[PDB]
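Only one structure is covered here, and it is reproduced in the block below.
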Amino acid sequence: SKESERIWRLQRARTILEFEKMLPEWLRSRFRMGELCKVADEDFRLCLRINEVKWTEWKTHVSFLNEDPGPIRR
Amino acid sequence: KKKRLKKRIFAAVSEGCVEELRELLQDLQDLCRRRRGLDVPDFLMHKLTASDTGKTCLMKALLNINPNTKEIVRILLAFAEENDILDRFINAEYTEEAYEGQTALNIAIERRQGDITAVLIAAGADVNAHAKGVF
Amino acid sequence: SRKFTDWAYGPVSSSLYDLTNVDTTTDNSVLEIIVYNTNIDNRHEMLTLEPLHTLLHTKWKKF
Numbered sequence: 685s686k687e688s689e690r691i692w693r694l695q696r697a698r699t700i701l702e703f704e705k706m707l708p709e710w711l712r713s714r715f716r717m718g719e720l721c722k723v724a725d726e727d728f729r730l731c732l733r734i735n736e737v738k739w740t741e742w743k744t745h746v747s748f749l750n751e752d753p754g755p756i757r758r
Numbered sequence: 115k116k117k118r119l120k121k122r123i124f125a126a127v128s129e130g131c132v133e134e135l136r137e138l139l140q141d142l143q144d145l146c147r148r149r150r151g152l153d154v155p156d157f158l159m160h161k162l163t164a165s166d167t168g169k170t171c172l173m174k175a176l177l178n179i180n181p182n183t184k185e186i187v188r189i190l191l192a193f194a195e196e197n198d199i200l201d202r203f204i205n206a207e208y209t210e211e212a213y214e215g216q217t218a219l220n221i222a223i224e225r226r227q228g229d230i231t232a233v234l235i236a237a238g239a240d241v242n243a244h245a246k247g248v249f
Numbered sequence: 374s375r376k377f378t379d380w381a382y383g384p385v386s387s388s389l390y391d392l393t394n395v396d397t398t399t400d401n402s403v404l405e406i407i408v409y410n411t412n413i414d415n416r417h418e419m420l421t422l423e424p425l426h427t428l429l430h431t432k433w434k435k436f
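Protein chains in written order, with the entry's author numbering: chain P, 685 to 758; chain V, 115 to 249; chain U, 374 to 436.
Encoded structure:
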């Protein structure tokens, strides 16, 4: 207890990649955001991921990527 | 010849801080005086603001910061004073109905830029702007 | 970098990990080798990490 939560999560992971190997389709289920730009003038590649973060240790956030949206523009 | 002055000022306020903007700042007075008595605040505001986003030439300087950005405002506030349209410009709310009503004041608080905040208040901005939207 | 900040708008940032060799879309990625490998006593702490955790949470979620 207080450690079975981690080791059972492995036993979940034993199945999830097994269903990945069981389905050799074209994978319409996308599970990533394709061709989103990281930073370049040419290289707009390396499909991506989105999560959320939280509070304190504020600072003046220099490096952004978009004009502060939450969802997609339009 | 459709000069890219709206495109040029946006790339200027990000990194080309002082000298490239002021060479563009002299260009805009040449482009407004030719009509010799037009609707003056209608034309100069449209050449500082995109149609869809409604973003000003101040707020694009306010999103990305730079350790020269105290200069980028005082040059831009003095130009809005020489055409006497600073008041409608400083209260130019975002009108793209995503996060509409978020003004040029509202960027200065959230970016924690305290020094250009009191500069932005000293021009007489509305401190009461309601911001509805997608959030 | 392998991490980017899209937008801040206060204390609510949005994460973005690179994910170019991490998910099972190519041959022998890290997720395939972190599950199908013995001889490591430290696997159950490894999947807590952020490009692995929420992604494996997402792939179980949708199908």
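Virtual Cβ for every residue (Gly too), placed ideally from N, Cα, C.
U:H417 and P:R696 do not touch by the CB rule: their CB atoms are close to 11 Å apart, not below 8 Å. At least one beta carbon of chain P lies nearer than 7 Å to the beta carbon of U:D379. Annotated three-state conformation of V:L200 is helix, per DSSP. Residue contact check for V:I179 against chain P: a CB pair falls below 7 Å. Exclusion of the five residues before and after V:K120 leaves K161, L162, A164 as the residues of its chain whose Cβ lies within less than 8 Å of its Cβ. Taking the beta carbon of P:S747 as reference, the chain U residues within 8 Å of it are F377, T378, listed in sequence order. Per DSSP, P:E726 lies in no alpha helix (DSSP H) and is assigned neither H nor E. By a beta-carbon distance limit of 8 Å, V:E224 does not contact V:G215. Their separation comes to about 14 Å. A Cβ-Cβ contact shorter than 7 Å links V:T231 with V:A222. In this structure, the CA atom of V:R202 is about 13 Å from the CA atom of V:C171.
Counting only runs of at least 4 residues, the segment 121 to 178 of chain V fully encloses the following alpha helix (DSSP H) elements, listed from N- to C-terminal order: 133 to 146, 154 to 160, 173 to 177. Taking C-beta atoms as the reference points, U:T378 and P:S747 count as a pair closer than 7 Å.
When DSSP states are grouped into helix, strand and coil, V:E195 belongs to the helix group.
Identification of residues in the segment 219 to 238 of chain V having a C-beta nearer than 8 Å to some C-beta of chain P yields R225, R226, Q227, given in sequence order. From the beta-carbon of P:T744, the residues of chain V found nearer than 8 Å are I179, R225, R226, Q227. Look at P:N735 here: in three-state DSSP terms it is strand. A residue is called buried once 16 or more other Cβ atoms fall within 10 Å of its Cβ, and V:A212 is buried on that count. The Cβ neighbour count for U:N401, taken over all protein chains shown within 10 Å, is under 16; the residue is labelled exposed.
Annotation: the continuous alpha helix (DSSP H) that includes U:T431 extends over 423 to 435. At a cut-off of 7 Å between beta-carbon atoms, U:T427 makes contact with chain P. Ranking V:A239, V:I235, V:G130 by CA distance to the CA of V:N182 puts V:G130 first.
Beta-bridge pairing by DSSP links U:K376 to U:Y390.
Nearest to V:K174 by alpha-carbon distance, out of P:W742, P:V737, P:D752, is P:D752.
With respect to the 7 Å criterion, P:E704 and U:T427 are not classified as neighbours on the basis of their beta carbons.
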